[PDB]
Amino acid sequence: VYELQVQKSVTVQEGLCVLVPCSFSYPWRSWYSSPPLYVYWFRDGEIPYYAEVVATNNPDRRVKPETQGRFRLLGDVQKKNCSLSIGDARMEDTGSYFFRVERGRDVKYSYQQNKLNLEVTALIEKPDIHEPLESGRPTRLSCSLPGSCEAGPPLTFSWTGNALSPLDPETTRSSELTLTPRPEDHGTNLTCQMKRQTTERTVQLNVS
């Protein structure tokens, strides 16, 4: 009667985020005596009674400062959803995790058989720049990053290149950038670095 559906292993590139689909079941008669349903995710081998949860829907339970905001329960727990969302992954997050349910004095249960193994790989993904290119046009660029979440603390950008003097010599921190390619700027390496408060992406210009 106590079942938990979730993949056993999961991978995420440090700094990015992933969504761990999860579903769970437990015996519940369903009559009006309806005490609240509290679920938790813990680090492997911790004791429910004394541990700060990595994630929970219990308003009284203290959450690990390290996971506050990065690990969040998605979906309605009242609808069998234990889906987890890990954001701004960190190497420290690597390890095993388990889910627990509690409802009334009777329902209490840790799914120690269905642990969740999380491996935090290194960040190899490169930012992105998203077809004009006319000498004298107000083209606007945008340097974002795939697999990113607005989980942790906002990212920081800084553009590099020789073609950064035609206009503002300081308004180049924004994610998006407006620029009118002045002629001389052709086949010039344009870069965009990023940090989470340092990977980059270099592209070659082309004016016509």
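Counting begins at 1, following the sequence as shown.
Coordinates are absent for 4 to 9 residues of the deposited sequence placed between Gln197 and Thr198. Counting the unmodelled positions of the deposited sequence between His130 and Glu131 gives a small gap of 1 to 3 residues.
For the segment pair 26-34 and 51-59, the entry gives 26-34 the higher mean B-factor, averaged over Cα atoms. On average the C-alpha atoms of 171-179 have higher B-factors than those of the other stretch, with 37-45 and 171-179 being the two compared. Of all the options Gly136, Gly104, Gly95, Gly87, the entry's greatest CA B-factor is assigned to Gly136. In the deposited entry, the Cα temperature factor of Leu19 places it in the lowest third of its chain's modelled residues. In the deposited entry, the Cα temperature factor of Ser148 sits in the middle third of values across the chain's modelled residues.
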